[PDB]
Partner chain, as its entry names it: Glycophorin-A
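Read the single chain below, which is given as structure tokens and is the form deposited without its partner chain.
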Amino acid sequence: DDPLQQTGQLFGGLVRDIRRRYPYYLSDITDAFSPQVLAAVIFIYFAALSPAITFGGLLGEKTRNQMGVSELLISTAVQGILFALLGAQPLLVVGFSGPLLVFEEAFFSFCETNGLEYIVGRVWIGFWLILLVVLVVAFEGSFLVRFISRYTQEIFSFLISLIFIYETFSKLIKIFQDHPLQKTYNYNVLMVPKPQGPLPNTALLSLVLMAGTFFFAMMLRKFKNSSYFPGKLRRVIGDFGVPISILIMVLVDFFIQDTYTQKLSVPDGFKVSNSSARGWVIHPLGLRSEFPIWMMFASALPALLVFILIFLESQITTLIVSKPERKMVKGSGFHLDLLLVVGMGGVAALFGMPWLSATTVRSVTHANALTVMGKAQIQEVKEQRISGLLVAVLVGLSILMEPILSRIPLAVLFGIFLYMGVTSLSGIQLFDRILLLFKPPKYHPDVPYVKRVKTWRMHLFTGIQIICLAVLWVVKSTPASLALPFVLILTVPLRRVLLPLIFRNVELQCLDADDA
């Protein structure tokens, strides 16, 4: 009955994952039929787009425009549409992440030094990723996800949610750095590619738009589970909380004529960036020069790292999204979701388009957007394939809707990314126990991990996860940021060796409960 279990046959998991979810494919399509879903499409679109614009820029400037915005938008769309209509957990938002950006930057520096064609080099990384995932799905290597306890999920879920907030602020800090509050400004300033000199009222209006969008979003979330207005209208106005928050603040910026703000820049059309270097289809043997033999066999060793990055990235997100406390009746297919994400990424490499992973904050936010509330607890979750599809489609059609996106500020969306960061710490027992460090022992939740276990022991456990978070934060900040998945895997030994010595088995049953 459980999804994580080793079957005798080869490709046994993939078969059982299909026969589980595909009978509900009609019901899935019809689960989209509600206003929450439309509000979820509109919300998660900007959550899906803005990274594909941001990382698209970061790839472009870094990798001499071999991978850019045009490539990443098309990649995120095609892989998003395929995964929405096939993937066993459609709530998983397939997009490009920080850990993947770091690899492309690292692999480019490696290709640049040795004297190799980068875009061609990636094709052979992809060829191994097609072999390595099919090898794992054959023997059901996703059975290792069984041993990823709440411990590892909570640390990852919290680490990523904290980093996502630190990301959102550093963008705002960069505006104040580029556009400082000076006494005097250069009045005649070009903004052809971007403001050259500092501008007046740009950094503060950015701070205003961010603070405003975050406020409206958080106050309309409060309004949803309030007791004001009819229950029919209240939930509709609440579900369209972020859509209204963006609409208000985009119009606030629209009526401000003279003062400048940074807005969503998309490509002219659907052209590969730097057409002089590469086309659409990347020739494995080489575009210009003869790509050598030793790399075509030694493309496994980078692909092995890329696999671990995506595998730990995607499958831990699947546990967090398809958690028993979240009312997920349809199910979750770990073998099939791994096959598509990594498989399509390997095929995407052939077209010089970035491989993607199930992004945690985007996926959790997508589930949280489609989760209902009553009385408070979860009744069901609106689990469809159309929200996953429409988001991917709109990210594909993003360039054709440049005139609409051109009027939307970034400072507005930074308010929404702050919301996505705050909101993602909802059902995280770790974060809940960080709050209980500051609460005195009189005011506690009255739940097994505080009642069964002593306050001294509970804070010691909570204390180790802070030590564990602190290590993982240092690992990212240091040059070895691609090793963070291997340091996150090392949290499982900790739970299954070190803690059982220091702690009793009765307490870990409650502290690190498989289900709340």
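Positions refer to the first chain, counted from 1. The term rigid core refers to the maximal set of C-alpha atoms that superpose within 1.5 Å between the two forms.
J.: So if we fit everything on the core, which stretch drifts more in 9 other deposited structures of this protein, 247-255 or 184-192, C-alphas only?
T.: This comes out as 184-192, the stretch further from the shown form in 9 other deposited structures of this protein.
J.: I want to verify a possible break: how many residues of the deposited sequence sit between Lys194 and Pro195 without any coordinates (none, 1 to 3, 4 to 9, 10 or more)?
T.: Count of unmodelled residues in between: none.
The next section is about a form of this same protein that is not shown, the form solved in complex with its partner chain.
J.: Its partner chain isn't shown here, but in the deposited complex which of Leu10, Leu498, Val15, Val492 has a heavy atom within 4.5 Å of it?
T.: That would be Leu10.
J.: Of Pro292, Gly331, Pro284, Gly197, which one comes within 4.5 Å of its partner chain in the deposited complex, counting heavy atoms only?
T.: When its partner chain is considered in the deposited complex, the option within 4.5 Å is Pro284.
J.: If contact means any heavy atom within 4.5 Å, which of 147-155, 365-373, 125-133, 380-388 contacts its partner chain in the deposited complex?
T.: Heavy-atom contact with the partner occurs in 125-133.
J.: So, a 4.5 angstroms cut-off on heavy atom distances: do all three of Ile160, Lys263 and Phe486 pass it with respect to its partner chain in the deposited complex?
T.: No, none of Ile160, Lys263 and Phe486 comes within 4.5 Å of its partner chain in the deposited complex.
J.: Any chance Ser275 has a heavy atom within 4.5 Å of its partner chain in the deposited complex?
T.: Yes, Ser275 sits close enough to its partner chain in the deposited complex that at least one of its heavy atoms falls within 4.5 Å.
J.: Would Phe110 count as touching its partner chain in the deposited complex under a 4.5 Å heavy atom rule?
T.: Because no heavy atom of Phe110 falls inside 4.5 Å of its partner chain in the deposited complex, the answer is no.
J.: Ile399 versus its partner chain, in the deposited complex: is there a non-hydrogen atom within 4.5 Å?
T.: Flag for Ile399 set to no.
J.: Given that the partner is absent here, does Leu350 sit within 4.5 Å of its partner chain in the deposited complex, heavy atoms only?
T.: Heavy-atom contact with its partner chain at 4.5 Å: present for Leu350.
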